[PDB]
Every structure is written in structure tokens, then in C-alpha cells.
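Trainee: Starting from these lines, generate the structure:
(2 chains, ligands or ions: 2)
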Amino acid sequence: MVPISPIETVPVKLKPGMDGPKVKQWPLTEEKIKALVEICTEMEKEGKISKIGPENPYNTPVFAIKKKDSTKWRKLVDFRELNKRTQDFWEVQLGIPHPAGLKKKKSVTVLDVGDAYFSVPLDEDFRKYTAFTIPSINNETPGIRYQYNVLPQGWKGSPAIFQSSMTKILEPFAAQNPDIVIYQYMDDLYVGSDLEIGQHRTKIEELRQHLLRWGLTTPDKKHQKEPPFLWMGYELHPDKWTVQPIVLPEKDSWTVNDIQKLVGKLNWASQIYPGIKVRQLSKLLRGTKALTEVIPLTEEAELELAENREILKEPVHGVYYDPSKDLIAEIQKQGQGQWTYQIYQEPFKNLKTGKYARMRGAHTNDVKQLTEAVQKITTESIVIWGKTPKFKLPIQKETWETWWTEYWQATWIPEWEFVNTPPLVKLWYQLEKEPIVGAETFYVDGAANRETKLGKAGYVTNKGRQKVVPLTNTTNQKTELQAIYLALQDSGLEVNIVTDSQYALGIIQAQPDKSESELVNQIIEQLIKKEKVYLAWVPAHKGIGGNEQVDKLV
Amino acid sequence: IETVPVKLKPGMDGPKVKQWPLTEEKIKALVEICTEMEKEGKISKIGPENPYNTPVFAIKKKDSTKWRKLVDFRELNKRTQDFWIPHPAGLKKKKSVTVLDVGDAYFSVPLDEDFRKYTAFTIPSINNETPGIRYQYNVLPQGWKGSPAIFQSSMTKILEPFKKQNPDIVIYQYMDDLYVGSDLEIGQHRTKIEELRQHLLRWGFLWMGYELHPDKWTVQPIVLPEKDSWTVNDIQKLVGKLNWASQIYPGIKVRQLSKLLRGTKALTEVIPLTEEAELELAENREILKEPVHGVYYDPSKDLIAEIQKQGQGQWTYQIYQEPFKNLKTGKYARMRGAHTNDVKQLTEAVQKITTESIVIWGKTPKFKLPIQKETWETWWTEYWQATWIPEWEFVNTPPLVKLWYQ
Ligand SMILES: Cc1cc2cc(C#N)ccc2c(C)c1Nc1ncnc(Nc2ccc(C#N)cc2)n1
Ligand SMILES: [Mg+2]
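Mentor: Numbers count the residues shown, from 1 in each chain, chains lettered A, B, ... in the order given. Ligands and ions are numbered 1, 2, ... in the order given. Right below this line is the structure:
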């Protein structure tokens, strides 16, 4: 007899105010009953479960399932009700590792730890909540009452406790062997290293020996899992990685569900396949909510799908992370609020790729979107590589300085260099800080009746120039914008504009180069064509001449 | 040697806040620190039966090459019970106030067992390749609201001799910070501070100090331009600013000044001031020189701080409780390694304003930052040097009242 260290139990309790499960046992066929009796008998032999007296008031339904029309049955304990009453745990499975942040390994061996699962004891004061009853033949005898002594499969706290205990066991080994890496997934332990294969095999045997200290025996045979590994949608190779084969289906008609699947695959493939666009395909799913509803594909979306098919023509792989080298992220504008980026260390050898779509809003510009993209890539990089990459952006230094030194908000971009690859991000207009000498002064105003929705928009100038335009189906704000639009239309290359609209000023001071509103867009187009524009604000109804509200009060 | 029972608020479970991404340097620092803390019995490893979590990261104090572990107990502090001192109003009237870091002291008092599970935190790994290292506190944690309240009884008896020996020096305590103010000469002030920290070290990094000058804290009144020739634009801006000031000061009139703008004139055209206009403007100045009517502080209300970016490294700010009722106004133009960084400037600004607010009223204000949420949340930790963390929201619409405060 060789003494093995007992595995420390995790103190598990039920949710406060809740009691254990008390679910009736379902009626079974004689066949299923005999099967379950045999199975639970051998399980009791192994020490997984134990017979309990009539005192235990709790019960969990147990079922028998015939495995794919075979000669053997299988036990299935429905722990749903117990899981509803079981406390929350610290799930470490949240946030899986990304392949782009991994380091290349010369050897990656896999060990089976399915037998190590049943060596993890359940908390003694909690076992009574895992009680279940095997129905007796013809219900003429008291049913057989069992309870779990180990972590029950399907139970809420099983994976967390298993992972925590296993980690606590492997910790000193991983600590005293820094030349290897150990990762746990399901019933499998993965060990990787760059050591010579002999030293590597030695390390593996030492790991098994270490696991023997807790009586954990791993199968003494070559595991059926060799590189590459299929993992969480990835293909993991020793020196490279990729996504599992993305197959875009051929269809003459597409439903909502089909488009959702398509955009799903595209989004998943966009992390290694550069240039993947999804806007024209995602904008077809605007307020549908009907998985069977067939939506006609626009030409704009058909073309996008075609381009996507061209990109996914041949397999593309990504390299692993080399901590000794510098990290670089380059960004390009795709238009329609779409952005794409690549993250690499050595040229033409991407660690990963990605994309960014503009947020939902009424107005926006390319500079803001670029900033947001930079922030996203930064956060993702800190997640994956633990540091900020050096950026290559399609924007002049002068442009950025002019932007952030004049922008009303505080904005910042980490260390970056300019890369001359069109379309470049630019400022399309720049309002003056002081009034313009010699330029005509356009006092503008707009006003609309709330009931009849009738309005007027117009201007008066110092040269005597005037205009008042009647409008139907409009609001106060729309008229106020319309006035500015008129002032921009009928003025020279340089113009001063006086408005009392805090709304319009609030929009133009945000400096958009694109908008949902056609009126604002027209205003922008007018702004771009100008040489100098000064926009001044004054309080309304304060007897300020020029502010001719009287031409709008009608 | 004995612990005081601590519980949460009725109907509230412990905090479950996610750990935000940490850089490599900060992770190494936090591991290195928490190792020694575990060796000293300050913290302990926990199992999967503890679902609670509080964000944690690392900083560097004012001019120091040693990392400091900082925990974001903001969620725990608003869920923990209200531990039930009248704020020293003389603290903001002293000539010099040195800030000390007496946080380590808290590590000498054991925390209530049944509460420890709530101070759980996680040191993350890069790319989550290894499981995160989980800890919980055995002693009073830094940054927690309960720590200064519990240690108060000890701190009092600790400072009794120094306080009895110096009845002029005003001492205040907020979180992990000890504000010590006096009217002594700066040298003698520093001697008293060093004497105090040596009085604390003997009593069982407290070597750093942060000197402030509340007497030199200038306030911002509302000022109007003084010109010899006024253009149409000048008068328009004047009328606008006065119209804004009318919401604060009642007697503000702009009628006569507005009479000058009648007729559609060019913005650059100079307009000679009439007598009624000049009189009106004068009266307006006289009104603006007076304090704001009916301005009081309410300890039960929230302090709100608004910040405006004025450009060229200049920022303006206002602390109030009710709209148009400023309890404090100010302006900054600091050059602290942030010549080409707006976010660093804004962060330092937030810290300064918060410090002032702690000195004056005894609690932190709720900030309204002129910055996008993502941008701020991405970078603010890289420039933070305070042991506390205030609350903040974001303003996405450009306020028209920017230039009026400049
Ligand atoms: C985080 C992780 C997940 C795994 C998932 C599987 C699966 N299925 C197998 C092994 C896994 C391993 C060792 C991991 N951990 C880890 N830490 C540092 N570097 C690496 N590099 C690495 C380099 C090539 C390969 C390959 N081929 C795998 C990992 N991996
Ligand atoms: Mg009007």
C-alpha cells in the first residue's frame, strides 16, 4: 500500500433560504430498472455512491437511456432542480485563451484525466442533497436509495470544483517546472514545451508520477489526440493556428436565420481572414425577428458576399506570439463606417486580424471612429498580449493634432505612425474662432407651428440680402437647420452666421462629416465647399437685431 | 486581537464585479506584492465556493518607483453597512496641509471572518492561459469604507499625545489618507509632519507627503470684458454670457445692451456704447461682484463636479449640489508630463478636484467628464495616483457654457 494525499473538499452550500430538491421519481420499465440496479451496484462497488436510509427526505429523478441502440444502458440523473438551488461558483472557464497570444511549442502531449475526476470527493454536508431513488419492480418494495460521494456529472458545481482542485494539485509541478505549460480542458490535460523530445517525455512521466501522489492514474498509452487540435472553433498547430473551415453555403434564397448564420461565420472568420465585411449583410436584419422570413439580398449585399467568398477562397493561418519582438497593429478604412485591422510582429506575418463597425448614432466622423477602433484594439491587445501595440494609422500627424487640440472633448491615441494607404482620414471643414472681416453676416432663423406643422426658414444680412422660405411637414429644429443651410447656399466662400438655435450649434460643434439626417448632410457638403465659416450663437427673444424672428412668427 | 462584526446592507449580496484587463507590468507587480502579503497573513487563497470579486490593479504614487496595490472597492463600499466625526471646517482655512499614507496601519487589525468572503479579488493572467490567482483579506483592506471607521478607535488613542502636544494642528482622516494642516512655517511644518510619521512608526510607505495650500486656493468670480471699442460680435457674446449669468444672478439686465444690436449689422463693425448701455453694464458688474444668493451645503446630498476643456492645457471646473448654485469654482493649467495628452491632464484634474473636495466637505464629488466612456475607461488607470476612486459619468453633447467659464 502506497499512501496517497487526500483531495481537499470544497465547502458547498445551497442558496440562502432555499432547501434541497424534492422531485418525484418517474415510473420506469422493468428493463430500465434492472439496468439501473446493475449500474448503481458497480458504482457503489467503486465508491461513487452509497445506499442511504429512509431518513433522507430529498430526491432527484433518475433516468435510463439506451445508447444508440446498443446492448448497454446508461444512467442519467436530472440535476436541474438541484442546480436551481445550488450556490454560484467562480467559473474560471470564462474568457477562453486566444490562439494569437499563445507561444509556439515543439511538443504538445495530451493526457486523459477522466479517472482523476472520480477521485474528487463531494462535500459531506452536501451529499444528502444529491439523493436519488431507483424504482423497485412493480413498486412492491421500497425503492433503492443512493447518494453521491463524488462530484455528480451534470451538477452545477462539478466543473468548477474539479478545475480548482486539479489546478491546486498541478500548481507546485507547474511552479517547479517553468519550461513547460499546462492547460486543462474537459477530461483532458494538455502539456506543451520547447524542450528536446527526450527531456519532454521525461517531463510527462514526471507529471504522471506527481499525479500518483494523489492516486491519479492516467492511461499509460499514446493518446489519440495529436496535433493539430480542434479547439473552440480553432485549429491549433505547433507553429501556427487558424479557424476551423468556414464554408459559405450556396443559396438562391436566404432567410433571416441563414443571414444570421452567415454573419456569424463571417464574424468568426474575421479574426484571421483580413478584409471581411458584414455591414450590407447585417443591415438586412434590421427589425425582422422571424427565422423563416425570406429576405431579398440587395446588390450591395450580394457584392459583399461575393468579396467575402473571394477572401475565404484559400486557407489563411496566423503565427503565435513572440514576447521578444515588438507588437504592431495597422488599420484601414473600408467605408460605410467599416474598419479593418491587422496585428503582427514581423511584416506579412499576422498574429491576428479584426474589424470594427461604427456605433449607433445620428452623426459621426472618421476621426472619432478611428479613435474608437484604436481603443478597441488596445483593450483586446491588453487582454491577449498584455501590452499596447504600436499603431499604423491612415491619418496625417498634422490632421490629428489639429483635431485633438481643437476638439471640445478630451481624446488620446497611443504611440502611432502614419501609413500612406488611401482612403486617408481627413478633416473636411474647420470653423473659425473669430468673426471674419469683410465676409457677409447672415442672421438666420427658423420657426414652425406645432399643430399645423407649417414652418418658415430664412435669413437677413448686413448687405440687405434676405430670404424667407415656407415649409410643410416640419419641426422647429428642422427649420433652424434649414435656415443655416440656406445661409450656406446663398453666401460666398467666406461667411459669418448668427443663429439662436442651441440645437443646431450643438450638432455642428460635434463636427460630423456624415449623418443620418439628409439636412445635416447637405449642411456638411456646404461647409466643405467653403473657405472660412464662423458660427456665432445668441440668446433668442432678447431684442437682438438681425435675429428677425418676426419673419418666422407668421 | 478581536474583530468587530461587519455585515452588508439588508437585501444585498456581495459584489460580483469583473476584473478589467491588466498589463504585464501590473500583473507581475501585483503577484510580487500579494505573495508577500500572503506570507504576512494579510491575504489568503480562496476556493471556487467564493463567487464574489472586486477589481484590482497597481499604481505609482507621487514620485515613487515602488508599485502600490490598489483595489476598486467602490461596489463593496456602496453595499457595505453604514458604520455609525463632524468635518473639520478649519482644514480648508490652514496655511499648509500635508497628506500622508497611513494605509499600512489597517493591516494590523483582523477583519471579521463572516465578511472576508466579500473582499475576494482576482489577479488575472495574460490571455487567461493560467487560472487567475484568487485572494481574500484577513485584515482591514485598504480602500474599504469600513477600514477607517473600524480603525478610528485605535487611531484616536494613537494620535492622542501628538494632538495634546499640538492643539493648533488640525488632523483629518479620509480612507487611507491622513490630512494634517497647520499655519506654521513650511520648514517647521515639515518638521511637525516628520515628527508625526515618526510618532506613527514608533507606535507600530509612510515616508511620502503631499503638501497643499488651502489658503492659496483661488476661486473664480464672473468677469466681463473691459474694452474701449466694442464690435457687434463682442456685444453679442456679452449679452449671451449675461443671459447665462441671469440664471445665477437675478438682477442681470441686457435690454439697453441689446438695443445696440438692433439692425442687421456686420459682426466686425464697431458699436459705440450708449449711456444707458454703459450704466446697465456697470450695474451688471456690481451684481456679479456679489456672492450668489442662497448657497448652502447639504451633507445628505451628492456633490457634482463638471469639467470643461478650454485648450492649451487649461481646464475649468465647478462643484455644486443644485444647478446654478456653485459651492466651488476653479481653473487649472498644469504641466505634469501631459503636454500632448488630454486624458492624463483630465485624470490629474479629477484627482486634484477630488482632493480639494475631500479637504473642504469631507467626501468625493460625482464627476461629469467631457470624454467618451470607452476612451476614459481605457486609459484612466495609467495615470491614477490616488488611493481612492470617485464616481463619474460622461457627457457626449458639447456644453454651450464652455467659453463663459473662460
Ligand atoms: C491556453 C492553452 C490552450 C490549449 C488548448 C489545447 C486544445 N485543444 C491544447 C493545448 C493548449 C495549451 C498548451 C494552452 N496553453 C498555453 N500557454 C502558453 N503557450 C501555449 N501555446 C501553444 C502552442 C501550440 C499549441 C498547439 N498545437 C497549443 C498551445 N499554450
Ligand atoms: Mg428663434
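
Trainee: Quick one: name the residues of the stretch 151-300 of chain A near chain B.
Mentor: A:157, A:160-161, A:163-164, A:167, A:174, A:181, A:183 (Cβ under 8 Å from any Cβ of the partner chain). All C-beta atoms are positioned from the backbone trio N, CA, C, and that covers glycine.

Trainee: please redo it, this time with the cut-off set to 6 Å
Mentor: Within the stretch 151-300 of chain A, the positions near chain B by Cβ under 6 Å from any Cβ of the partner chain are A:160-161, A:164, A:167.

Trainee: Report the contact partners of the most centrally placed residue in chain B.
Mentor: Nearest to the mean C-alpha position of chain B, by Cα atoms, centre = their mean, lies residue B:354 at 1.5 Å. Residue B:354 makes contacts with B:364, B:390, as judged by Cβ atoms under 6 Å, 6 or more residues apart in numbering or on different chains.

Trainee: before we move on, what about residue A:521?
Mentor: So, once contact is read as Cβ under 6 Å, 6+ apart, residue A:521 ends up touching residue A:515.

Trainee: ok so it is a strand residue?
Mentor: No - using DSSP: H, G, I helix; E, B strand; the rest coil, the secondary structure at residue A:521 is helix, not a strand.

Trainee: show me what contacts the closest residue to chain B within the stretch 101-250 of chain A?
Mentor: Relative to chain B, the nearest point of the stretch 101-250 of chain A is residue A:101 (3.6 Å; Cβ to the nearest Cβ). Residue A:101 sits next to A:321, A:384-385, B:127 when contact means Cβ under 6 Å, 6+ apart.

Trainee: Please narrow those residues to those residing in strands.
Mentor: Using DSSP state E, no member of these falls in strands.

Trainee: How about the residue of the stretch 101-250 of chain A closest to chain B: what's its closest non-neighbour residue?
Mentor: Spatially, and ignoring its direct neighbours in sequence, residue A:101 is nearest to residue B:127 (3.6 Å; Cβ to Cβ, 6 or more residues apart in numbering or on different chains).

Trainee: what's the neighbour count on the one you found?
Mentor: Residues within reach of residue B:127, counting by other Cβ atoms under 10 Å in any protein chain shown, total 20.

Trainee: Surely it touches residue A:95?
Mentor: No - in this structure residue B:127 lies outside contact range of residue A:95 using Cβ atoms under 6 Å: 9.2 Å.

Trainee: still on that earlier bit, tell me the one among the contacts of residue A:101 nearest to residue B:323.
Mentor: Closest approach between the contacts of residue A:101 and residue B:323, by Cβ to Cβ: residue A:384, at 44.8 Å.

Trainee: Residue B:30 is in contact with residue B:123, correct?
Mentor: Yes - here residue B:123 reaches residue B:30: they are 5.1 Å apart, a contact under Cβ under 6 Å.

Trainee: quick one, phi psi at the closest residue to residue B:124 other than its chain neighbours?
Mentor: Closest residue in space to residue B:124, ignoring its immediate chain neighbours: residue B:132 at 4.8 Å, by Cβ to Cβ, 6+ apart. Main-chain dihedrals, residue B:132, degrees, to the nearest 10: phi -70, psi 140.

Trainee: can you give me the strands for the stretch 201-350 of chain B?
Mentor: Ranges of strands in the stretch 201-350 of chain B, per DSSP state E, counting those that start in this stretch, are B:209-212, B:230-231, B:270-271, B:304-311, B:314-322, B:325-332.

Trainee: go on, the stretch 451-554 of chain A?
Mentor: Using DSSP E, counting those that start in this stretch, strands in the stretch 451-554 of chain A cover A:454-461, A:466-472, A:494-499, A:514-515, A:532-537.

Trainee: Packing partners of the last one?
Mentor: The one in question is strand A:532-537. Judged by 3 or more Cβ pairs under 6 Å, 6 or more residues apart in numbering or on different chains; DSSP states H and E, the packing partners of strand A:532-537 are strand A:494-499.

Trainee: In PDB, list the C-alpha atoms belonging to the strand it packs on.
Mentor: In PDB, the C-alpha atoms belonging to strand A:494-499 read as follows (Å, rounded to 0.1, in the frame of the first residue of the first chain):
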ATOM      1  CA  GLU A 494     -16.400  83.400 -46.600                       C
ATOM      2  CA  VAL A 495     -19.400  83.900 -44.400                       C
ATOM      3  CA  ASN A 496     -20.400  84.700 -40.800                       C
ATOM      4  CA  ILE A 497     -23.600  83.100 -39.400                       C
ATOM      5  CA  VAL A 498     -25.600  84.200 -36.400                       C
ATOM      6  CA  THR A 499     -28.100  81.600 -35.000                       C
END
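
Trainee: SS state for the residue in the stretch 401-550 of chain A positioned nearest to ligand 1?
Mentor: At 25.7 Å from ligand 1, residue A:414 is the closest residue in the stretch 401-550 of chain A, using Cβ to the nearest ligand atom. Residue A:414 falls in the coil class when you classify it by three-state DSSP.

Trainee: and the nearest residue in space to residue B:234 that is not next to it in sequence, how far is that from residue B:281?
Mentor: Spatial nearest neighbour of residue B:234, chain neighbours left out: residue B:227 (6.5 Å); criterion: Cβ to Cβ, 6+ apart. Shown here: residue B:227 relative to residue B:281, a distance of 11 Å by Cβ to Cβ, to the nearest Å.

Trainee: Please say which of the two ends up with more neighbours.
Mentor: With neighbours defined as other Cβ under 10 Å, residue B:227 and residue B:281 compare such that residue B:281 has more, 22 against 12.

Trainee: quick revisit: quick check, the residue of the stretch 401-550 of chain A closest to ligand 1 in contact with residue A:390.
Mentor: No - applying Cβ under 6 Å, one finds residue A:414 not in contact with residue A:390, separated by 8.0 Å.

Trainee: Which of these two has more residues huddled nearby?
Mentor: Neighbour tally, residue A:414 and residue A:390, criterion other Cβ under 10 Å: the higher count belongs to residue A:414, 18 against 13.

Trainee: in the stretch 101-250 of chain B, what residue is nearest ligand 1?
Mentor: Closest point on the stretch 101-250 of chain B to ligand 1, by Cβ to the nearest ligand atom, is residue B:129, at 4.0 Å.

Trainee: Next, count neighbours for that residue.
Mentor: Residues lying near residue B:129 (other Cβ under 10 Å) number 14.

Trainee: thinking again about what came up before, for my notes, please list the strands of the stretch 451-554 of chain A in CSV and give distance to residue B:406 and mean neighbour count for each entry.
Mentor: Output for those, formatted as CSV (distance: least, Cβ to Cβ, whole Å; neighbours: other Cβ atoms under 10 Å in any protein chain shown):
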stretch, distance to residue B:406, mean neighbour count
strand A:454-461, 30, 23
strand A:466-472, 35, 14
strand A:494-499, 21, 24
strand A:514-515, 29, 17
strand A:532-537, 16, 19
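
Trainee: Compare these and report which one is nearest to residue B:55.
Mentor: Comparing the strands of the stretch 451-554 of chain A by Cβ to Cβ, strand A:514-515 comes nearest, at 36.7 Å.
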